[PDB]
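Structural features, examined
The primary structure of each chain is shown beneath.
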Amino acid sequence: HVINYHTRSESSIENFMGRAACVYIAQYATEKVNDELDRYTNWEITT
Amino acid sequence: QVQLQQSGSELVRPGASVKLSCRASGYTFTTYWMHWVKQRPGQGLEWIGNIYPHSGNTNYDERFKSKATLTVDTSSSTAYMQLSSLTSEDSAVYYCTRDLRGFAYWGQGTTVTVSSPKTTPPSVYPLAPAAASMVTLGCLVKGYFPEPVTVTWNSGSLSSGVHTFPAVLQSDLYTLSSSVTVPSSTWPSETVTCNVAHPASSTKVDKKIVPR
């Protein structure tokens, strides 16, 4: 015919979205040299 | 509270090493950056550098190098910000900013005028006219060399309409003004005087104002 096959499991929403994606790289120190790379950094959450 | 303020320094003879003494003790000891902010009478805020007490690292800037050292001593909790090999352009207000997210904790500041000058006494000249309801008064100052001067009117009884005028420069001599307004019921009824003083020359000049 041919009989067929190949289920769309990896084309799903959760398999396309669920992957640990880096969103922000926060940088801080112990001795404050300047700002930035000061101790105590912060980041408001956005994707 | 971060106590108390900064110290004072006057004109020093050229060649000696003056030293500021910035006395912020708000411990918090001893890990912060004591950044020194300097501003001219041109209203621009410049930066003199910072110092760090835990290991001893200082800093500098291009318009104040060679050799402005920022020595640190945690026993006395002071920060030193005087520049040697100086010129006359170091006559400016010298602050002390401590370290936070901003420059939050300043000092009070000091202005250090450095040259090879001579201290001149002031001289009160009478400004009085020779008709209307109120007449403005005054007495001019001419030729005092160092910026310490005093401004009084009747020693604290007629300080209402005293306008504080700057001593703008001409021919290397300071000339300010102090004008006060008098009503016609007290002029020439009460004897008005102006008494200015110079702390650097330690000279007192007085004059009573007469209608001419």
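Note on numbering: residues are counted from 1 along each chain in the order of its written sequence, which can differ from the entry, and residues with no coordinates are hidden. Each chain is given a letter, starting from A, and each ligand a number, starting from 1, according to the order in which they appear as written. Here we see only some chains of a larger assembly; the values are for those chains and no others. Hydrogens are left out, water is left out, and the side-chain values use all remaining heavy atoms of the structure. Residues with missing side-chain atoms are left out of burial classes, side-chain pairs and their counts.

Structure determination for this entry, per the PDB record, employed cryo-EM and reached 3.4 Å resolution.

Okay, the overall build of chain A next. Helix and strand assignments come from DSSP, with helices taken as H or I runs of at least 4 residues and strands as E runs of at least 2, each series counted from the N terminus. Helix and strand counts for chain A stand at 1 helix and 0 strands. Structurally, chain A occupies a C-alpha span of about 70 × 15 × 10 Å along its principal axes. Burial status across chain A gives 4% buried among its 47 residues. In the structure as shown, chain A presents an accessible area of about 5200 Å², 53% of it carried by carbon and sulfur atoms. Residues scored as positive are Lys and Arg, those scored as negative are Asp and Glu, and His as well as the terminal groups of each chain are ignored. A single reference atom marks each charge: NZ on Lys, CZ on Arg, CG on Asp, CD on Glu. With 4 positive and 7 negative side-chain charges, chain A shows a separation of 8 Å between the mean positions of the two kinds. Burial classes follow relative accessibility: with a 1.4 Å probe on protein chains only, a residue under 20% of its type's maximum area counts as buried, one over 50% as exposed, and anything between as partly exposed. What sets the accessible areas is the Shrake-Rupley method with a 1.4 Å probe; for residues, cover comes only from the shown protein chains.

The next subject is the interface of chain B and chain A. Taken together, the contact between chain B and chain A spans 6 residues of the former and 7 residues of the latter. Classifying every residue of the side of chain B that touches chain A gives 3 nonpolar, 1 polar and 2 charged. We call two residues in contact when some of their heavy atoms are within 4.5 Å. Polar here means any residue outside two lists: the nonpolar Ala, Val, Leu, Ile, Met, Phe, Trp, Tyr, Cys and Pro, and the charged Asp, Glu, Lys and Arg; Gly therefore counts as polar.

All names here are of chain B. Within the element layout of this structure, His-198 appears in strand β15 (residues 193-198). A polar contact of 2.9 Å, which involves the side chain of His-198, links it to the backbone oxygen of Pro-146. Apart from residues no more than four positions distant in its own chain, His-198 is found in contact with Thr-120, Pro-122, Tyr-144, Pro-146, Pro-148, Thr-203 and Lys-204. For this analysis, a polar contact is any N or O atom pair within 3.5 Å, provided that within protein one partner can donate a hydrogen and the other can accept it, and provided that sequence-adjacent residues contribute only side-chain to side-chain pairs.

Here the focus is the state of the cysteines. All names here are of chain B. Any two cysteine sulfur atoms within 2.5 Å of one another count as a disulfide. A sulfur-sulfur distance of 2.0 Å marks the disulfide that ties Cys-22 to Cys-96. Residue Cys-22 is found in the segment before β1 (36-39), and its partner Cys-96 is found in the loop between β5 (93-94) and β6 (110-111); the two are separated by 74 residues along the sequence. The disulfide partner of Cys-139 is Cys-194, and the gap between their sulfur atoms is 2.0 Å. Of this pair, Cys-139 sits in strand β9 (residues 139-140) while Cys-194 sits in strand β15; the two residues are 55 residues apart in sequence, bridging distant segments of the chain. Numbered by order of appearance in the sequence, the disulfide-linked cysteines of chain B pair as 1-2, 3-4.

The description of an aromatic ring pair uses the distance of the two centres, along with the angle that the planes make with each other. All names here are of chain B. The rule is short: rings of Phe, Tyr and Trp, with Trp giving its six-membered ring, pair when the centres are within 6.5 Å, and they are stacked under 30 degrees, edge-to-face over 60, tilted in between. Between the aromatic rings of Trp-33 and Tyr-52, the centroid separation amounts to 5.2 Å while the plane-to-plane angle is 45°, which identifies the pairing as tilted. One end of the pair, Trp-33, is in the segment before β1; the other, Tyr-52, is in the loop between β2 (45-49) and β3 (72-73), with 19 residues separating them in the sequence. On the basis of an interplanar angle of 65° and a centroid distance of 5.6 Å, the ring pair of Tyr-144 and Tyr-174 is categorised as edge-to-face. Taken together, the residues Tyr-144 in the loop between β9 and β10 (163-164) and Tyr-174 in strand β12 (residues 173-175) connect sequence positions 30 residues apart. In this scheme, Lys NZ or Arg CZ marks a charge over a ring once it lies within 6 Å of the ring centre and within 35 degrees of the ring normal. Over the face of the ring belonging to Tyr-80 we find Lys-19, whose NZ or CZ atom lies 3.9 Å from the ring centre.

All right, on to the pattern of salt bridges then. For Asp-99 of chain B, the salt bridge goes to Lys-32 of chain A, with nearest N and O atoms at 2.8 Å. One end of the pair, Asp-99 of chain B, is in the loop between β5 and β6; the other, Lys-32 of chain A, is in the segment after α1 (13-17), on a second chain. Residues participating in the shared-partner salt-bridge network are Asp-35 and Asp-38 of chain A together with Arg-101 of chain B. What counts as a salt bridge is simple: a side-chain nitrogen of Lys or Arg found within 4 Å of a carboxyl oxygen of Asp or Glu.

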